[PDB]
């Protein structure tokens, strides 16, 4: 067996596993499988000028097009400045992940296509609608506005007015709904068909167990989520030029995107991280709720008192993570990561590569699941180890067999050596798991480590 600390880590890393199993009686689909499902119509824009990207233009209509009255949409009206500002933010988030550009202007000669945005007042027209890129109205999207329906009048980060724009633009890009779909999630074709995985879904995250808000309140992702991202990149290619240098997401964010920014402990973040390279950090230092942060590509995290609301896109490598003042879990990846616990009692799992770990205040547990996690040639470093408070857990390696603390390796498996260098305040832990008479596991610390601070 293992310790509770390790079990909590292993559980969270598998908590959102997708594929090859039944969930809610429906098949669980992987991100790749969903990317195919959302693009099953075959409709897309084309690179007419062959420059390796889809360059599109758009116009905020100022007057009803020819044949407009035959649509039955009622009174025509131009987008307001608010809508124009939000539409641009929606277009931008799509342009960040896929090789597509959107430039305001009239249909031009070298464009691969043209888009249009406008409003109507006749409810019969629905809350909003768009057309696929292979239709005769390719590029068009329409939004309802009247006394009885006002959500499109004040679109804004986090509200349905903004996700609507992002959703309709999705359609114009060639994305379909997760299913053909009175309809309910029961009619879904796969399990992850909820707004927790894709803004194209009609169902709430509640169907899959996630928790974003309370009744009476609304909370919707403003930008393309995990599956949406995969879907569009599969169509137009991933944009690696986006934020290719060091980036911070969340608190103290440097991503310059409203939906990746947190300035209050009450903020509700719902996003999927797309990044192009560099040493990146997920800073969630401003929240007081227990969190669970996973730096694995394509994985989900429970951020700011919510669950399954944050994720990293497939093919993205994020290097660092900062917990809040609650008791959190932090899981790194194969890269060298800087993992910060913050206040509270945290459990930190470095993974592969030499990692830098910071417990913070509170009793913290640095967990190791394999020997390859902290080797002599690539050992982790605990910068703030507090003897008699913190612990080093090797329970997943020793499986509770214990260690034999000695001063020098005798050539027996399980021999462990805890040393301290009172001059540099540096401590270390060595062990001979294989029993070859030399160390095959090393953990360096800034702060004296004792024999009792080790759990095995």
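Numbering follows the first chain given and starts at 1.
Residue 48 is a gap in at least a third of the other entries compared, counting only those with both neighbours built.
Compared with other deposited structures of the same protein, residue 181 meets the criterion of being unmodelled in at least one third of those that resolve residues on both sides. Coordinates are lacking for 4 to 9 deposited residues between residue 181 and residue 182. Comparing the deposited coordinates for 258-266 and 77-85, the stretch with the larger average C-alpha B-factor is 258-266. Mean CA B-factor, 439-447 versus 17-25: the higher value falls on 439-447. The PDB entry gives the largest Cα B-factor of the residues 110, 344, 156, 237 to 110.
Which of 216, 315, 350, 308 has the largest Cα B-factor in the deposited entry comes down to 216.
Residue 126 sits in the highest third of its chain by CA B factor, as recorded in the PDB entry. Among all modelled residues in its chain, residue 31 ranks in the lowest third by Cα B-factor.
When all modelled residues of the chain are sorted by CA temperature factor, residue 385 is found within the highest third. Ranked against the other modelled residues of its chain, the C-alpha B-factor of residue 304 as given in the entry falls in the middle third. Among all modelled residues in its chain, residue 52 ranks in the highest third by Cα B-factor.
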